[PDB]
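These notes are about the structure you will find just below.
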Amino acid sequence: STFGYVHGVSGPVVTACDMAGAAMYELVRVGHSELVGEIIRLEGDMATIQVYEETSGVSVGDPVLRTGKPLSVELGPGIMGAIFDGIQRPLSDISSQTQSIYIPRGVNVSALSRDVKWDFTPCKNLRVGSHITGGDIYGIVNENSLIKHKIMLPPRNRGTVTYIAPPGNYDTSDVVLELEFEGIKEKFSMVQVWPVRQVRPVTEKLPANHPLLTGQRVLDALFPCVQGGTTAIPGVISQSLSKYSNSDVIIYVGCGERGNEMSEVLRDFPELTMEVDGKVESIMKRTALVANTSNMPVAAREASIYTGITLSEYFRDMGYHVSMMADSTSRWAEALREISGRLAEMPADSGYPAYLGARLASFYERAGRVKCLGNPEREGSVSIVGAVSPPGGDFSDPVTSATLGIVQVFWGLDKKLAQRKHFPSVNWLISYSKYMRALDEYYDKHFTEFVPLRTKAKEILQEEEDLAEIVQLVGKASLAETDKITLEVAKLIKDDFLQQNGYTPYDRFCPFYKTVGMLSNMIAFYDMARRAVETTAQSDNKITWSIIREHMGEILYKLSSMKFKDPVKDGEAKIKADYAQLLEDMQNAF
Amino acid sequence: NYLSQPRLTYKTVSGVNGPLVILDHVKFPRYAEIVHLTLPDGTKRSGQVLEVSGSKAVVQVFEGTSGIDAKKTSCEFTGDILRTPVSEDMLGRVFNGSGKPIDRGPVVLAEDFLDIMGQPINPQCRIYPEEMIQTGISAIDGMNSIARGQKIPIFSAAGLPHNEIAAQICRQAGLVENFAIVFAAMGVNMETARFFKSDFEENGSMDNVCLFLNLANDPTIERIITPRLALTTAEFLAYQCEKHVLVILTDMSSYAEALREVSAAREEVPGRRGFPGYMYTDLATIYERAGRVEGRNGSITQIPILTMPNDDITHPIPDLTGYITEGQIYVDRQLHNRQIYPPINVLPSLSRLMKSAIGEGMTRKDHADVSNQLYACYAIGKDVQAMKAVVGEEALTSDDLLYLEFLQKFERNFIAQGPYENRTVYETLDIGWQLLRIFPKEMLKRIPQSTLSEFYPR
Amino acid sequence: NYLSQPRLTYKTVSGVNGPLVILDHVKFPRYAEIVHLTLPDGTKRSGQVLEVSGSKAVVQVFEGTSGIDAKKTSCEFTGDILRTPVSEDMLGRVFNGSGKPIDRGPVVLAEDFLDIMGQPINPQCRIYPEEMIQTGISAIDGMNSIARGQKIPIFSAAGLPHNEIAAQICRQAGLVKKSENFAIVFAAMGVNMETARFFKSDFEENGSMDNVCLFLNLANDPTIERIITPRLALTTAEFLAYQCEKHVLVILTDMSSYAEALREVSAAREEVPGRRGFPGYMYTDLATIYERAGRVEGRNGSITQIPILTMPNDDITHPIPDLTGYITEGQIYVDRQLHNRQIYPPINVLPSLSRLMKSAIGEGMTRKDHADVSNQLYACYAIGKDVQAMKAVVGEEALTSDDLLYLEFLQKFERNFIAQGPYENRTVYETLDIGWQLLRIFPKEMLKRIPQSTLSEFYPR
Amino acid sequence: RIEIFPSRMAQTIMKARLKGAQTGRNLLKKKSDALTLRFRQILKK
Amino acid sequence: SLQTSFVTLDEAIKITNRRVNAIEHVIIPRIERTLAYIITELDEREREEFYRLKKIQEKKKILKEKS
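Chains as they are written, first to last, in the authors' numbering: chain A, 16 to 250, 258 to 612; chain B, 38 to 213, 225 to 506; chain C, 38 to 216, 225 to 506; chain D, 6 to 50; chain E, 150 to 216.
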């Protein structure tokens, strides 16, 4: 029956009568300005609609036309380097079309520009008359020098090729492919429309084995993350993922961001260039932003999370490695508390809805290393890093407590380390990672030194912690000598290894050979000094750490200056670790 | 353009409870539509439609439901939403919380009528604040510096001098250019009203102060539209006739109390502590109207004051404002009992836009490191001050006595300055270096040697 | 007792709100019926009936409500309750939450159909547990040993390896060699993608899969299926035990993730939440699945439970480790103190306790010295923990020669007895031999918990 | 005498303050036993 | 040598015996009756949330009965 009539509106929710053959979560267009809405409850003839835009001035009796399709995004060329809102309207194209500074809340601009021409090529191993199923790489379009946007068939359908396009320039609306099925010849363009609440089909899920090199030294050594994993931080910092973070495309979903802090994201990203092959290339060629501030309506906060993960699964299927950074899921979670109160639903603890842990589970578990659909047989991965409430409700908070039952990695940023300006403020006691059994196959092959060091480095950091409560009560005067050798090396770990400056031009990204390099010397220093005091005890005149700490003052300076080697060495940086190691072997021969 | 249809007038009120009037038999009612209530005495009250269903319309009145009849009260429906008359004569004029004059002036003579909800700013064409606003207070300038176009609240309590330090940073606006001051005062006393009214005319600032206010004898439903009437004139001056506006919103807890009173009358599903679940959305729609845009050169800066109840930062009002706004200023009661002025506890205070406001081009060079160390010694010195009472006075280090001497020097020389000192930023950092020189070398770990070598031997 | 009447198909949906679909004009609806939803595009969804009121039948769809029309969808009422197809051939098969196979396998041929809720056991016919279950972990077998029919949770937190010791005590469980009909039903509830793939790659690829009945339930598949998952797992563990007469060890993880599924369907029924959001009937609902254990009078099989749950914010006052403390029989603690010390399994034995370990161990059951070597290893670890702090605050020289010996005991107790590695299956005799090696470093007349009738043999070696 | 406001987070904070105070007894009582034991054996000397 | 060790020990074991009892009598009971105040004040918020949510459900049956 095509149309509806507004029966009532109270804020975002709109009740619409004469809506009989309407399905749940369809998109409707309410009002004379055609505000985008979504059916969230239907009772007989009347349907309840949450609107993604502001319903100020909607009257009773306005038409509600239904579209017969759920909330979906357009997937095709013209999407890298773009900036969208929650419902995927391009903020860069909508300011050039209207020439104002406002969003007119009635403007149905297409997400991908149908005017820009893209140079299409075919698979080359695909003839006419070939059979083709969903997920097959059908063509290749180069949007930039970095990204080869592989055109793929949608995973719903199947057929036989009757027409393929010659290599040339086409729009996003030109027909590129004809497929013959049993019934009807069907057209195909360079864009596909996929619902954001529906998980994208794929061949078979794979275990994650390769690590994600964050660049931070505590994050890569103690609590490592993999590509295809799930991470949660209590959070722009993040440019380590932007310049390296070894993944092919990056997306960034700002959900509930502040206005002058969303403005700092979309101002420096075009002019934050990285290194690839000696060429100084900008990260915006492999970045796409979903910008949703807190001024924007509440139903778009829910759509902005599902928009991002749908784009992230889309570039997963081409064979790329996607790293998605979802910023604040406490805001996303708050939209869910706001909408559930407007539908008169019953709350769970602290006013949040009862399905809070299920909505987070349907988003975090869309990430993983996985073999994609289609005949060219490629493999992709999606990594998700989501932010939660930063200083409060430490492990008992409905957003944080529901997240930790899902995610595998949790880099707990401490406020007490941040008050003393210890950066990064990831504290090592409550943080964890669960990809430690999955990475020992990689760590026994490529960096075989590492595993007995990280086992011992975590012991020294807690041996200081169990002894830090001793010194603040009774004092350092009655401390032992196997204990004072922990309090100096662990303090050497917290200042050299764990501390890292993100704006300093050599500590803004620390590669993994540099991380294993300086860690292997700070624990060999711990093992040799343990060796000196223990076997030579109570008979031989061996130093009880007081004559060592002044005599190693040049050598302890070499350990503390080891975080200064750069990008202007790899060979020189490797041999200097072996230089400082053979320096210590002479000292222990005394 | 102009609407020329005659307004319908219904004598069909069917419920009155609290602030809300319920109508029936209304023909096609709009949402957020302004209604004019004519009492049986002949007095006129305004209104705003909060909910429609079929022929039923729920309208909240702005002046209260006292004396509203069921048979004899007539209300006419104005076919559009609430629009404020905005013009460049409102600078230097005093209205009330509804936009009606108080200072014996005439009605407003607008060049245009602007919607109180405003238009949503496109995030792509919004430029990022980097120019630092000096306030003259070393607790604000040195540690938590404010950019030009930054939303930054003042977290206070009941009985603390937040109004005294608000007027101080209102008359000292720095920028090392005649800030146009829009002042919304919601739920203030008469003594709070006469404090701000007399202070602005004492300095001659009321040539360009657009103060309009709402006392406690005034009804509470005027406090809902009072920030929205404040920012729809402040963005007429920042974004359309390019002034450099500075908006002060007090008290933002008295606005949320009026929001809870309406949501309790509508029998809504409450959030934390009875406040509505949409309080995060309502506070963000009057906070995010700040910043500056790329085509204009005017800007709008928001300093919304709010007194949190029972000294609780985990209350729903100062917690939700911590998520929207870009760093808070924490007025402390413990420093106020020690007779310290700007009792600003700098340890939970923050300014997230302070990184791009300081450096080489804007302030002098050592700003990023002296404030990084003045925070650091204050954080450890407050920690050893709690250990001075528990275990011992002379206990467990001689270096703690330097930390307990830093506390007497920080709270009495840096932050305590009096209500008329206009310190420049170079005076602020040089005062902070005088408190850092009582510390010796190789404890100043946040300051690099490229900047420590100049200012320690001074 | 066959039902032979055909099934009715209703096209009469009236309301959709949340997971619930409201139907009208239903002909005599039963309360817990399974229904089949046919979508307008042809996709099939299942669902239970949540509430029936005269003609109205309120069903809740399992897989979600998205796309359900008001005019074109068609509900298919199956007249019966949810029944579990049970057999012995569900041993070495991976099933998902609801009922379905996961390792590309066939549907089970099902020599009986059993109700998932079951019926409560007779207290008069439930006999007391006596024999021991061997888990292969010295922190469990030596110190806090479990009986045949005991229920005993493992109290952990997030990030701690409680899933790595869940897969361990399923991979190397046995009844004691004693010189026999053992199965394991594993219910994995609310696990991740990586925790689900870890469980299949373990059991299967370790050879344990001749007696495992492993039931997955991930975080994607619906939250209503988390409720029917341990009812499914204990229905198959009541058919193998005292209907096929074998000893079954049931592992339920995570039992903290069960209750948020219990909290979610509670608010779907518009029920007012109790203390801390969890419903008031949670002590009854945890009792329906914890008390399906023990051994009975005229049957040789038994069933014992290890419900593994994580306490939130390390708080035992939380109702998830509190309501299981009123009903189960001792706890095992996974602590973050030993986990950060790189000790696996990170089990501390001072606050841990097994309330039925006096019955489990004994002369015929493991051997005679088990009651005294565990009492002595608990005593020396408690005293050795006290002198471990006096080395810090008093001095290494001020402590005597005997207190130095407790220092050298604790360094070898946490590294040789407790720490064992994820693949070392120490039997209960190898456990006590390691325990006697750590007691032999002490001289005589300090081992006051061991009588001289057993101390004379096992000490000289 | 009470100190701060109840939030569901202060309870974990106050239990952490109680935990240090519970171990501030036994770690300091045994010091007062180590001092008194030498104080009693010096008096016999 | 034993005289000057004896006289400085009891004046250093009195200051340790006071620091124990100041914990046992002044600090530990103050934290414990603070913690008792956290429990009863958090239980009083749960009854306020119970009364509000039950009142919504009572009003939701009123509108359902007429409609």
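All C-beta atoms in this analysis are idealised placements derived from N, C-alpha and C, irrespective of residue type, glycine included.
Whether residue i touches residue j by CB criterion (8 Å)
i                      : j                      : result
residue 125 of chain C : residue 289 of chain C : yes
residue 76 of chain C  : residue 110 of chain C : yes
residue 405 of chain C : residue 253 of chain C : no
residue 422 of chain A : residue 410 of chain A : yes
residue 267 of chain B : residue 100 of chain B : yes
residue 487 of chain B : residue 425 of chain B : yes
residue 65 of chain A  : residue 361 of chain A : yes
residue 19 of chain D  : residue 183 of chain E : yes
residue 412 of chain C : residue 374 of chain C : no
residue 323 of chain C : residue 304 of chain C : yes
residue 92 of chain A  : residue 284 of chain A : no
residue 165 of chain E : residue 35 of chain D  : no
residue 494 of chain C : residue 387 of chain C : no
Separation of residue j from residue i, as counted between CA atoms
i                      : j                      : result
residue 208 of chain E : residue 318 of chain A : 32 Å
residue 500 of chain A : residue 439 of chain C : 6 Å
residue 273 of chain C : residue 417 of chain A : 28 Å
residue 68 of chain B  : residue 126 of chain A : 30 Å
residue 222 of chain C : residue 501 of chain C : For residue 222 of chain C, no position is available: the coordinates of chain C end at 216 and pick up again at 225.
residue 262 of chain B : residue 234 of chain B : 5 Å
residue 492 of chain A : residue 376 of chain B : 37 Å
Pick from the options that is closest to residue i, judged by C-alpha positions
i                      : options                    : result
residue 296 of chain C : C/345, C/330, C/205        : C/205
residue 518 of chain B : B/334, B/189, B/44         : Nothing about residue 518 of chain B can be read from this structure; chain B reaches only from 38 to 506.
residue 345 of chain A : A/368, A/587, A/264        : A/264
residue 444 of chain B : A/482, A/397, A/374, A/495 : A/495
residue 382 of chain B : B/402, B/459, B/375, B/404 : B/459
residue 149 of chain C : C/238, C/281, C/431        : C/281
residue 32 of chain D  : C/327, C/79, C/434, C/506  : C/434
residue 248 of chain B : B/274, B/265, B/208, B/47  : B/208
residue 172 of chain B : B/292, B/340, B/304, B/473 : B/473
residue 544 of chain A : A/43, A/554, A/432, A/516  : A/516
residue 342 of chain A : A/305, A/268, A/456        : A/268
residue 128 of chain B : B/327, B/396, B/174, B/294 : B/294
residue 61 of chain B  : B/93, B/338, B/81          : B/93
Counterpart residues of residue i in DSSP-defined beta bridges
i                      : result
residue 138 of chain C : C/132
residue 54 of chain A  : A/64
residue 375 of chain A : A/369
residue 117 of chain B : Residue 117 of chain B is not bridged to any residue.
residue 188 of chain B : B/350
Return the chain-ordered ranges of every alpha helix (DSSP H) run that is complete within the region 553 to 596 of chain A and spans a minimum of 4 residues.
List check, alpha helix (DSSP H) in window: 570 to 573, 577 to 582.
Length-filtered (4 minimum) alpha helix (DSSP H) runs lying within the region 318 to 342 of chain A
With a minimum length of 4 residues, the continuous alpha helix (DSSP H) runs that stay inside the region 318 to 342 of chain A are 321 to 338.
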